[PDB]
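Asker:
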Amino acid sequence: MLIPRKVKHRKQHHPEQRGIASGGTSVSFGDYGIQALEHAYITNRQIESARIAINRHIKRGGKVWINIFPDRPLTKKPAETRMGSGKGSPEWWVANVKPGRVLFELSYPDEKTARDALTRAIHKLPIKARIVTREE
Amino acid sequence: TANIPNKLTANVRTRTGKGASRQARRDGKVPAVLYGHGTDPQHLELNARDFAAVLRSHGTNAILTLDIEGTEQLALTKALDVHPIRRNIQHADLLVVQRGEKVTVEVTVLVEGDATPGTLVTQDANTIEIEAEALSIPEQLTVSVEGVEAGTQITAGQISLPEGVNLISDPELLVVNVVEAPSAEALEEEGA
Amino acid sequence: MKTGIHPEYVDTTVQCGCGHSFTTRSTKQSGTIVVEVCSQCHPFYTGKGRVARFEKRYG
Amino acid sequence: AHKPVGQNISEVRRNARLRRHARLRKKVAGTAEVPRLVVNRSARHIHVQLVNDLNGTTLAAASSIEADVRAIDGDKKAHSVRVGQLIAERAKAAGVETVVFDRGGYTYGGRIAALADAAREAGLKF
Amino acid sequence: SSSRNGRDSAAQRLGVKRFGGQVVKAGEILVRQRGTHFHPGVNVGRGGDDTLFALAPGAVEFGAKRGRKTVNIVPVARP
Amino acid sequence: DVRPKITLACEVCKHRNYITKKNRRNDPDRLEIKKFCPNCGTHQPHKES
RNA sequence: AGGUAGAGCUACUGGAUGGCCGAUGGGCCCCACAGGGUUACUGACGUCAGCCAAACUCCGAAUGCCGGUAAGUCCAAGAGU
RNA sequence: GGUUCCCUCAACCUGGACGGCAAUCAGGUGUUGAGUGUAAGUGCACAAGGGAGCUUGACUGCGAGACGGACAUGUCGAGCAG
RNA sequence: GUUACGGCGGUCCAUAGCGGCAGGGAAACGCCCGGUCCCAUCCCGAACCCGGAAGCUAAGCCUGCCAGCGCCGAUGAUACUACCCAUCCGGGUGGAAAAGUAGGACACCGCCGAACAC
Ligand SMILES: [Zn+2]
């Protein structure tokens, strides 16, 4: 699970979920990629589950890139307490995803197994998504 | 290498702005700008379907001959504005060129062949820069990975360019990096 | 040069064991010094009692 | 081919003087009512001017290059007294009677102080 | 548990008091600030706590001299 | 108190004209300093009480 | 006069993805020492490409605010002080 | 603290007895990344940062004009005389 | 009035800077010679100061040409936004960036003084 070594500020406001992505909206490293169509917070637990799913399908060969990182912490206050008395301690790390962003990439010799592998990863994510290539 | 300019009909716009450009797109048009050494930019319009057909069969660096109110003009496609989601063509830049002029252009490099069965191919740089005539720009650049064994850095200086085409980018870029194929244990440790 | 902060400094004269003499200026109140090694004496420049004790009693 | 390694003392001396002349000019300034007396010194001559900083114009100027100053058979400081008296005559011929002194960066003393006291006994007050 | 925060200090009402073209008297405060974000210009002085005030009546005018933002006072010609 | 309050008095008319502070570790002795004395009308030596 | 929305980062402080090069360490063999190559190894520094931030900013709006001015409403706003 | 005058750091490269990453010395590159008693922010290389000489304005009688303000408080200030 | 000339200033202070190549000593500007005198070094005439005129334009300074780096930078399009339509999509009128592109650019302006000419 991806976790930053240190963040300057531990308790932060919620990342904004407006607009579409400014940068990262194209495939740079691999041949195929997963492009987002909705806003969400992608947790590191979902990223780990979504790249293991890609691994189990291509088995040996091929390379996988992850283009997003869980940098921003979301806090949760302790259970069954009344409102008030401070702000809760951070629990899970998310990545602010906007439509147009490319999340994962893959480089595999054949097409059908690479497109099938990415579909298994999309079903582990809380958003609509599609498979894109390097061509216009 | 010689090319034939693609005929397109360009109408001079009457009104410009965000309201007028949105209306033009809804009618199936693309705003475009014709600057260059003419040094008096013309704000033109192009048929959306006909313009994109030229790009499909000739690439982004497509030479064009335009019909502005009855007068021809050689133009080059300089840049395209594309919506990330809808994959539109919201805008286009056209640069005036004349025969014999040298222009610096980014062309795509394509990987072909079948290397050693125990290797994985990873192309790093998608495009490289060249400098050719107005009508003598290659539509693609081709590299071959055949019998290439283990780790070899194919370099931008080893790409076979046609006559009259000079590489502009530095000759030490890493274009294709053939590497030993990852194993099931290399997949698992990479990314956690 | 400030007045009363520096060591007293007077021209001197060096005389070597090879007969060489100079005319220099140093801090020594004596006015002259004698040295048995100079630029003309030391072997490394020129390239040329324990020694005498073994060369007299024993040969 | 000869490639010098550092900075000649001439460059070090020149940039250091302009550095300490601008630090000076952060206070003194020239006005038509009360002009500024700028002095420039070299190993051979000495120069003065009356500069109006409001519009950047020079009122009067005396220098040691003049033929009559060269005839003096003193030392360098003897010519500085001559140069100081000339600027005081020229200052008062243009209605100027009060000035402010701009020593130009150089230490106030010796040749510079000889010129200023020559222009003080001659009528100018500063 | 509780929160260790909750402190703050009184707002000091800093800022530009007289803007460009605005006629002022002598000794009138123009800018209140901490450092010299604005440097004094002609007929403007700097106070003990880096306050810019007018040294002569006129009209405020902001400028720039040698990369520094400055505040200047220009006179108003009598009818 | 390390830094106590001290009163400086004129050494001519013995008038207590000023009050200030000093560190009685760095300055164990009575502070001697010249200040304007309004009664005398001129700068006079002022010494701590 | 601003530093918000936006955007940008070899423009700073932090976070951070993948290549290339290669000091430093486990070393291995160089019979023990200085004396050279080797990594399913760890990898500074630099560099190529893609990014992120309420308490990041080389940048930077629309509005809003302060002042001047020309008119408008003007048998009324039933205004302002 | 006041005033007058002078100066440019941090880091990196190279050469030097102990001496080493790092002490003191020398040359080069270096425009602010160092430093500003003390938190942060706004500033400061023109230096508000480093060094030296003299010194007590860390004054007395006053203070046009302003900032901020329920009120009581609080804050800036040219200039006159001793 | 002419100059490959010397001072003092300005520009909402790099379009002016860094780097490279080739050149200049008429007066001035410099290096330069020396420490008797004013003056000086937390040691040192290196620096500051003073008295000069054997050498040199090798450096500073100045002139010409370069677009390698830094710098300026549109038009158009987009992001964003005030007001207004719109039953959860979105749109209209007005304003309008940052990045990038075509390009610009090896400064411009003013007052005195020199040598020569008139
Ligand atoms: Zn008394």
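So the sequence lines, in the order shown, correspond to chains A, B, C, D, E and F. Counting the first sequence from 1 gives a position; the numbering used here is that position plus 550. Residue 145 in the numbering used here is what sits at position 149 of the second sequence, and the numbering runs on without skipping anything. Counting the third sequence from 1 gives a position; the numbering used here is that position plus 112. Counting the fourth sequence from 1 gives a position; the numbering used here is that position plus 69. Counting the fifth sequence from 1 gives a position; the numbering used here is that position plus 30. Residue 33 in the numbering used here is what sits at position 35 of the sixth sequence, and the numbering runs on without skipping anything. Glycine included, C-beta positions come from ideal geometry on N, C-alpha and C.
If we count Cβ pairs, one from each stretch, closer than 8 Å, do we get three or more for the stretch 85 to 93 of chain B versus the stretch 103 to 115 of chain B?
Answerer: Flag = no, the stretch 85 to 93 of chain B and the stretch 103 to 115 of chain B do not touch.
Asker: Give the straight-line distance between the Cα atoms of residue 639 of chain A and residue 561 of chain A, rounded to the nearest whole angstrom.
Answerer: Going from the Cα of residue 639 of chain A to the Cα of residue 561 of chain A covers about 8 Å.
Asker: Run through DSSP, which three-state label would residue 153 of chain B get?
Answerer: Correct three-state label for residue 153 of chain B: helix.
Asker: Under 8 Å Cβ to Cβ from residue 619 of chain A, same chain only, skipping five residues before and after it: list those, please.
Answerer: 552, 554, 645, listed in sequence order.
Asker: Interface residues of chain B around residue 609 of chain A at Cβ under 9 Å?
Answerer: 180, 183, listed in chain order.
Asker: Do you know offhand how far residue 584 of chain A's Cα is from residue 573 of chain A's?
Answerer: Straight-line Cα distance between these residues: approximately 15 Å.
Asker: Give me the Cα-Cα distance between residue 165 of chain B and residue 131 of chain B, rounded to the nearest whole angstrom.
Answerer: Their backbone Cα atoms lie some 21 Å apart in a straight line.
Asker: As a quick check of your reading: which residues have a C-beta less than 7 Å from at least one non-hydrogen atom of ligand 1, in chain order?
Answerer: Result (chain order): F/8, F/10, F/11, F/13, F/35, F/37, F/38, F/42.
Asker: Nearest chain A C-beta to residue 32 of chain E closer than 9 Å, yes or no?
Answerer: Taking Cβ atoms only, chain A reaches closer than 9 Å to residue 32 of chain E, which makes this a yes.
Asker: So, does the CB of residue 141 of chain B fall closer than 9 Å to a CB anywhere in chain A?
Answerer: No, because no Cβ of chain A sits closer than 9 Å to the Cβ of residue 141 of chain B.
Asker: Can you tell me where the beta strand (DSSP E) with residue 42 of chain F in it begins and where it stops?
Answerer: Its beta strand (DSSP E) spans residues 40 to 46.
Asker: Can you tell me whether residue 1 of chain F is buried or exposed? The criterion is at least 16 other CB atoms within 10 Å of its CB, across all chains shown.
Answerer: Exposed.
Asker: Under 9 Å, do residue 117 of chain D and residue 128 of chain D count as touching if we go by C-beta distance?
Answerer: Taking 9 Å as the Cβ cut-off, residue 117 of chain D and residue 128 of chain D do not qualify as a contacting pair.
Asker: Keeping to the same chain, check which residues put their C-beta closer than 8 Å to that of residue 141 of chain B; ignore five residues upstream and five downstream.
Answerer: Taken in chain order, the residues that qualify are 107, 108, 109, 110, 111, 117, 150, 172, 174.
Asker: Would you give the residue range spanned by the alpha helix (DSSP H) that residue 15 of chain B belongs to?
Answerer: Where residue 15 of chain B is concerned, the enclosing alpha helix (DSSP H) stretches over 14 to 22.
Asker: Report the start-end ranges of each alpha helix (DSSP H) in the stretch 566 to 628 of chain A that is 4 residues or longer and not cut off at the edges.
Answerer: Segments of the alpha helix (DSSP H) lying fully in the stretch 566 to 628 of chain A: 594 to 608.
Asker: Measuring straight from C-alpha to C-alpha, what distance separates residue 148 of chain D and residue 171 of chain D?
Answerer: For residue 148 of chain D and residue 171 of chain D, the distance between alpha carbons rounds to 19 Å.
Asker: Residue 10 of chain B by DSSP, collapsed to three states: which one?
Answerer: In the structure shown, residue 10 of chain B sits in coil (DSSP, three-state: anything other than H, G, I, E or B).
Asker: Please identify the residue among F/45, F/29, F/28, F/26 whose C-alpha is closest to the C-alpha of residue 35 of chain F.
Answerer: Closest by alpha carbon: F/45.
Asker: When the Cβ atoms of the stretch 143 to 160 of chain D are set against those of the stretch 174 to 189 of chain D, are three or more pairs found closer than 8 Å?
Answerer: Yes: at least three Cβ pairs fall under 8 Å.
Asker: Using only CA atoms, which one of B/139, B/5, B/81 lies nearest to residue 123 of chain B?
Answerer: When only C-alpha atoms are compared, the closest one is B/139.
Asker: List, in order along the chain, the chain E residues whose C-beta lies closer than 8 Å to that of residue 636 of chain A?
Answerer: Going along chain E in sequence order, the residues near residue 636 of chain A (Cβ under 8 Å) are 31, 32, 33.
Asker: Tell me whether the stretch 63 to 79 of chain E and the stretch 2 to 22 of chain F touch, counting them as touching only if at least three CB pairs, one residue from each stretch, are closer than 8 Å.
Answerer: With the cut-off at 8 Å, the stretch 63 to 79 of chain E and the stretch 2 to 22 of chain F do not touch.
Asker: Is the Cβ of residue 674 of chain A closer than 9 Å to any Cβ of chain B?
Answerer: Taking Cβ atoms only, chain B never reaches closer than 9 Å to residue 674 of chain A, which makes this a no.
Asker: Would you please verify whether the beta carbon of residue 560 of chain A is less than 9 Å from any beta carbon of chain B?
Answerer: Chain B contact via Cβ: absent.
Asker: Run through the DSSP bridge pairs and tell me what residue 39 of chain B is partnered with.
Answerer: In DSSP, residue 39 of chain B forms a bridge with B/29.
Asker: Just checking, does the stretch 20 to 33 of chain B make contact with the stretch 665 to 674 of chain A on the three C-beta pairs under 8 Å criterion?
Answerer: Short answer: they don't touch.
Asker: Count the other C-beta atoms from every protein chain shown that fall within 10 angstroms of the C-beta of residue 53 of chain B, then say buried if there are 16 or more, exposed otherwise.
Answerer: It counts as exposed.
Asker: I want to verify the contact list: residues of chain B whose CB lies under 9 Å from the CB of residue 571 of chain A, in sequence order.
Answerer: In chain order: 80.
Asker: In this structure, what does DSSP give as the bridge partners for residue 69 of chain B?
Answerer: Paired residue(s): B/62.
Asker: In the DSSP assignment, find the alpha helix (DSSP H) that holds residue 153 of chain D and state where it starts and stops.
Answerer: Its alpha helix (DSSP H) spans residues 145 to 161.
Asker: Please tell me whether residue 151 of chain B has its Cβ less than 9 Å away from any Cβ of chain A.
Answerer: With 9 Å as the cut-off, residue 151 of chain B does not count as an interface residue toward chain A.
Asker: Just mark residue 83 of chain E as buried or exposed, buried being the case when its beta carbon has 16 or more other beta carbons within 10 Å.
Answerer: Answer is buried; the Cβ neighbour count reaches 16.
Asker: Give me the chain B residues within the contact set of residue 616 of chain A, using Cβ-Cβ distance strictly less than 7 Å, ordered along the chain.
Answerer: By Cβ distance, chain B contributes 187.
Asker: Hey, residue 89 of chain E and residue 51 of chain E: beta-carbon distance below 9 Å or not?
Answerer: Closer than 9 Å, so yes.
Asker: Contact defined as beta carbons within less than 8 Å: I believe residue 570 of chain A pairs with residue 650 of chain A. What is the distance between those atoms, to the nearest angstrom?
Answerer: Yes, they are in contact, since the Cβ atoms of residue 570 of chain A and residue 650 of chain A sit about 5 Å apart, within 8 Å.
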